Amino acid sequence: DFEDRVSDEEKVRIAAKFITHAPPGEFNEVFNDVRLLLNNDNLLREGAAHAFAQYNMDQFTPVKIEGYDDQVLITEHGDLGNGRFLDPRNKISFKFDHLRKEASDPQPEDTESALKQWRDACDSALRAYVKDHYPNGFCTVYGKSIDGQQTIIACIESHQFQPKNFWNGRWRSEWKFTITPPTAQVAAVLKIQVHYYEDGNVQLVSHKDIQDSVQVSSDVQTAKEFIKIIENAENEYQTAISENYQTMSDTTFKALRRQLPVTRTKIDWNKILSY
């Protein structure tokens, strides 16, 4: 009934939910579909703008900044408001266009110098770790006072996009600890997404929470310990995923359907129809 019709507010909510669920490397195609389906660019711009930003922060989208060598991750931790984000490695702020995925207008950004040495020490250890362990990985390390507590937040991204082969994948990990000697709780989340869509639509989605402990001493030593914890946990996770793959393949998949009947030949279809 008309009283219970789907409202334009509900339609742009649906549009925004669809964009936020775009696979890695496929934002543009999902956006274009949703745009043509809504058929109302003004409703889309006002009602789904936050979803552009939500997707990029959720995906740890890497972005090149003109003039600066390494890329920075778009995360919730770098959101400075007014469509600007923080690059804490270069200590700059920059405008980010969430649709074109383009950075502009870099300006120096003030840095609370209480975490400068610790953020720099963790960043340098983590950068070496990421280049060693990932094919084209990127990472961003933040330093903030959260609830009066000095915290280090490390974010890692690694994707492989091959749309011409109809697949895309992305790895994201996020690691946190407070600078609280002698022992700090480590909290982490690891995420994998893979999309394959040649004559089909197959997706892997995985998510693991991690709790560990790190010994806090000097900035350089803690950084070393922190990276050791990351390496061990990310190595173990990758192992466990491939072990889950093996069990799915030789236990669950095989139990779902035989390769052939016990006759070890295909079916005699006239014996099937016989009385």
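By rigid core we mean the largest C-alpha set that fits within 1.5 Å across both forms. Residues carry their position along the shown sequence, with the first being 1.
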_Core-aligned, RMS over all structures and residues: is 129-137 or 197-205 the stretch with the greater C-alpha displacement in 8 other deposited structures of this protein?_
197-205
*Figure out for me whether 63-71 or 244-252 is the more displaced stretch in 8 other deposited structures of this protein, taking RMS C-alpha distance from the shown form once the rigid core is superposed.*
244-252
*Per the entry, where is the mean C-alpha temperature factor higher: 28-36 or 211-219?*
211-219
*asked:* When the Cα temperature factors in the entry are averaged, is it 95-103 or 164-172 that ends up higher?
replied: 95-103
_Identity of residue with top Cα B-factor, from 53, 233, 227, 44_ = 44
*asked:* By the CA temperature factor listed in this entry, which of these ranks top: 136, 178, 203, 124?
replied: 178
*Which third of the chain holds residue 118 when residues are ordered by C-alpha B factor: lowest, middle or highest?*
highest
*Hey, what third does residue 262 fall into on Cα B-factor, ranked over its chain?*
highest
*residue 89: which third of its chain by C-alpha temperature factor?*
middle
*By its CA B factor, does residue 199 count among the lowest, middle or highest third of the modelled residues in the chain?*
middle
*Check where residue 245 lands among this chain's C-alpha B-factors and tell me if it's the lowest, middle or highest third.*
middle
